[PDB]
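J.: Contents of upload.tsv (TSV, C-alpha atoms) are given next:
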```tsv
chain	number	residue	atom	x	y	z
A	1	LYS	CA	19.63	6.57	-1.44
A	2	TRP	CA	16.44	8.37	-2.52
A	3	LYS	CA	16.24	5.74	-5.29
A	4	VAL	CA	14.88	3.31	-2.67
A	5	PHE	CA	11.72	5.43	-2.46
A	6	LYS	CA	10.96	4.26	-6.01
A	7	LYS	CA	10.29	0.83	-4.54
A	8	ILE	CA	8.05	2.52	-1.98
A	9	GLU	CA	6.32	4.40	-4.80
A	10	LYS	CA	5.55	1.22	-6.74
A	11	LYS	CA	4.68	-0.48	-3.43
A	12	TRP	CA	1.76	1.92	-2.92
A	13	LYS	CA	0.43	2.16	-6.48
A	14	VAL	CA	0.79	-1.64	-6.57
A	15	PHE	CA	-0.87	-2.19	-3.18
A	16	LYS	CA	-3.95	-0.26	-4.35
A	17	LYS	CA	-4.24	-2.83	-7.15
A	18	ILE	CA	-4.81	-5.67	-4.67
A	19	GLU	CA	-7.25	-3.54	-2.69
A	20	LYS	CA	-9.72	-4.11	-5.52
A	21	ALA	CA	-8.66	-7.77	-5.56
A	22	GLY	CA	-8.84	-8.09	-1.75
A	23	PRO	CA	-8.36	-5.18	0.67
A	24	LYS	CA	-7.73	-7.60	3.57
A	25	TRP	CA	-4.88	-5.25	4.56
A	26	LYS	CA	-7.38	-2.48	5.40
A	27	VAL	CA	-10.27	-4.56	6.80
A	28	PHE	CA	-8.39	-4.90	10.10
A	29	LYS	CA	-8.27	-1.09	10.34
A	30	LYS	CA	-12.06	-0.87	9.92
A	31	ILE	CA	-12.35	-2.07	13.53
A	32	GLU	CA	-10.31	0.91	14.74
A	33	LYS	CA	-12.83	3.22	13.04
```
Could you write out this structure as structure tokens?
T.:
Amino acid sequence: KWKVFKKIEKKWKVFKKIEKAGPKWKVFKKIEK
């Protein structure tokens, strides 16, 4: 069901909202760089 991607779409645009409130989901990747 391609409709499931809609949840993935709002999962990204919504995840970027927390990045400004706490990008702790990307700080762990900073070590890889």
J.: Could you tell me how far atom CA of residue 23 of chain A lies from atom CA of residue 11 of chain A, in Å and to one decimal?
T.: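 Here the two named atoms are 14.5 Å from each other.
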J.: Atom CA of residue 12 of chain A and atom CA of residue 28 of chain A are how many Å apart?
T.: 17.9 Å
J.: Quick one: pull the distance between atom CA of residue 14 of chain A and atom CA of residue 26 of chain A, Å, one decimal.
T.: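 Taking atom CA of residue 14 of chain A and atom CA of residue 26 of chain A, their separation equals 14.5 Å.
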J.: Generate the coordinates of N, CA, C and O atoms for segment 11-30 of chain A; report them as a PDB file, in the coordinates of the input.
T.:
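Result saved to rebuild.pdb:
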```
ATOM      1  N   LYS A  11       5.290   0.385  -4.478  1.00  0.00           N
ATOM      2  CA  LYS A  11       4.680  -0.480  -3.430  1.00  0.00           C
ATOM      3  C   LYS A  11       3.294   0.051  -3.081  1.00  0.00           C
ATOM      4  O   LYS A  11       2.412  -0.686  -2.685  1.00  0.00           O
ATOM      5  N   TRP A  12       3.093   1.327  -3.232  1.00  0.00           N
ATOM      6  CA  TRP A  12       1.760   1.920  -2.920  1.00  0.00           C
ATOM      7  C   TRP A  12       0.846   1.767  -4.127  1.00  0.00           C
ATOM      8  O   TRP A  12      -0.227   1.202  -4.043  1.00  0.00           O
ATOM      9  N   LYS A  13       1.267   2.265  -5.249  1.00  0.00           N
ATOM     10  CA  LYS A  13       0.430   2.160  -6.480  1.00  0.00           C
ATOM     11  C   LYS A  13       0.153   0.689  -6.779  1.00  0.00           C
ATOM     12  O   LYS A  13      -0.825   0.347  -7.415  1.00  0.00           O
ATOM     13  N   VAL A  14       1.002  -0.185  -6.320  1.00  0.00           N
ATOM     14  CA  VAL A  14       0.790  -1.640  -6.570  1.00  0.00           C
ATOM     15  C   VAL A  14      -0.124  -2.205  -5.486  1.00  0.00           C
ATOM     16  O   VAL A  14      -0.914  -3.098  -5.724  1.00  0.00           O
ATOM     17  N   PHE A  15      -0.018  -1.688  -4.297  1.00  0.00           N
ATOM     18  CA  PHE A  15      -0.870  -2.190  -3.180  1.00  0.00           C
ATOM     19  C   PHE A  15      -2.329  -1.829  -3.467  1.00  0.00           C
ATOM     20  O   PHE A  15      -3.238  -2.578  -3.171  1.00  0.00           O
ATOM     21  N   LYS A  16      -2.554  -0.685  -4.038  1.00  0.00           N
ATOM     22  CA  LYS A  16      -3.950  -0.260  -4.350  1.00  0.00           C
ATOM     23  C   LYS A  16      -4.550  -1.223  -5.373  1.00  0.00           C
ATOM     24  O   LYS A  16      -5.753  -1.365  -5.476  1.00  0.00           O
ATOM     25  N   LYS A  17      -3.722  -1.881  -6.132  1.00  0.00           N
ATOM     26  CA  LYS A  17      -4.240  -2.830  -7.150  1.00  0.00           C
ATOM     27  C   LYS A  17      -4.861  -4.042  -6.459  1.00  0.00           C
ATOM     28  O   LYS A  17      -5.878  -4.559  -6.877  1.00  0.00           O
ATOM     29  N   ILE A  18      -4.256  -4.492  -5.402  1.00  0.00           N
ATOM     30  CA  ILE A  18      -4.810  -5.670  -4.670  1.00  0.00           C
ATOM     31  C   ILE A  18      -6.024  -5.240  -3.865  1.00  0.00           C
ATOM     32  O   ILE A  18      -6.921  -6.019  -3.615  1.00  0.00           O
ATOM     33  N   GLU A  19      -6.071  -4.007  -3.465  1.00  0.00           N
ATOM     34  CA  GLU A  19      -7.250  -3.540  -2.690  1.00  0.00           C
ATOM     35  C   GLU A  19      -8.513  -3.937  -3.430  1.00  0.00           C
ATOM     36  O   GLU A  19      -9.461  -4.431  -2.853  1.00  0.00           O
ATOM     37  N   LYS A  20      -8.524  -3.739  -4.714  1.00  0.00           N
ATOM     38  CA  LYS A  20      -9.720  -4.110  -5.520  1.00  0.00           C
ATOM     39  C   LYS A  20      -9.782  -5.632  -5.649  1.00  0.00           C
ATOM     40  O   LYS A  20     -10.820  -6.203  -5.913  1.00  0.00           O
ATOM     41  N   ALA A  21      -8.674  -6.289  -5.455  1.00  0.00           N
ATOM     42  CA  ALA A  21      -8.660  -7.770  -5.560  1.00  0.00           C
ATOM     43  C   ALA A  21      -8.786  -8.376  -4.155  1.00  0.00           C
ATOM     44  O   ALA A  21      -8.937  -9.570  -3.993  1.00  0.00           O
ATOM     45  N   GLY A  22      -8.725  -7.557  -3.138  1.00  0.00           N
ATOM     46  CA  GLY A  22      -8.840  -8.090  -1.750  1.00  0.00           C
ATOM     47  C   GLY A  22      -8.135  -7.140  -0.776  1.00  0.00           C
ATOM     48  O   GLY A  22      -6.961  -7.299  -0.500  1.00  0.00           O
ATOM     49  N   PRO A  23      -8.875  -6.181  -0.283  1.00  0.00           N
ATOM     50  CA  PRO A  23      -8.360  -5.180   0.670  1.00  0.00           C
ATOM     51  C   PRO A  23      -8.298  -5.772   2.084  1.00  0.00           C
ATOM     52  O   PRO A  23      -8.697  -5.144   3.044  1.00  0.00           O
ATOM     53  N   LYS A  24      -7.806  -6.973   2.221  1.00  0.00           N
ATOM     54  CA  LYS A  24      -7.730  -7.600   3.570  1.00  0.00           C
ATOM     55  C   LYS A  24      -6.678  -6.859   4.411  1.00  0.00           C
ATOM     56  O   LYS A  24      -6.559  -7.071   5.600  1.00  0.00           O
ATOM     57  N   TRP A  25      -5.917  -5.994   3.797  1.00  0.00           N
ATOM     58  CA  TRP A  25      -4.880  -5.250   4.560  1.00  0.00           C
ATOM     59  C   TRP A  25      -5.493  -3.977   5.157  1.00  0.00           C
ATOM     60  O   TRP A  25      -4.851  -3.254   5.893  1.00  0.00           O
ATOM     61  N   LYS A  26      -6.731  -3.703   4.850  1.00  0.00           N
ATOM     62  CA  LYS A  26      -7.380  -2.480   5.400  1.00  0.00           C
ATOM     63  C   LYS A  26      -8.633  -2.882   6.191  1.00  0.00           C
ATOM     64  O   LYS A  26      -9.206  -2.086   6.909  1.00  0.00           O
ATOM     65  N   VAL A  27      -9.060  -4.108   6.062  1.00  0.00           N
ATOM     66  CA  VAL A  27     -10.270  -4.560   6.800  1.00  0.00           C
ATOM     67  C   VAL A  27      -9.975  -4.571   8.302  1.00  0.00           C
ATOM     68  O   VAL A  27     -10.836  -4.323   9.123  1.00  0.00           O
ATOM     69  N   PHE A  28      -8.759  -4.863   8.660  1.00  0.00           N
ATOM     70  CA  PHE A  28      -8.390  -4.900  10.100  1.00  0.00           C
ATOM     71  C   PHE A  28      -8.445  -3.485  10.676  1.00  0.00           C
ATOM     72  O   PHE A  28      -8.672  -3.286  11.853  1.00  0.00           O
ATOM     73  N   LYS A  29      -8.236  -2.501   9.851  1.00  0.00           N
ATOM     74  CA  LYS A  29      -8.270  -1.090  10.340  1.00  0.00           C
ATOM     75  C   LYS A  29      -9.721  -0.640  10.505  1.00  0.00           C
ATOM     76  O   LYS A  29     -10.018   0.270  11.254  1.00  0.00           O
ATOM     77  N   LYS A  30     -10.626  -1.265   9.807  1.00  0.00           N
ATOM     78  CA  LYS A  30     -12.060  -0.870   9.920  1.00  0.00           C
ATOM     79  C   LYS A  30     -12.519  -0.989  11.369  1.00  0.00           C
ATOM     80  O   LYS A  30     -13.381  -0.261  11.820  1.00  0.00           O
TER      81      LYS A  30
END
```
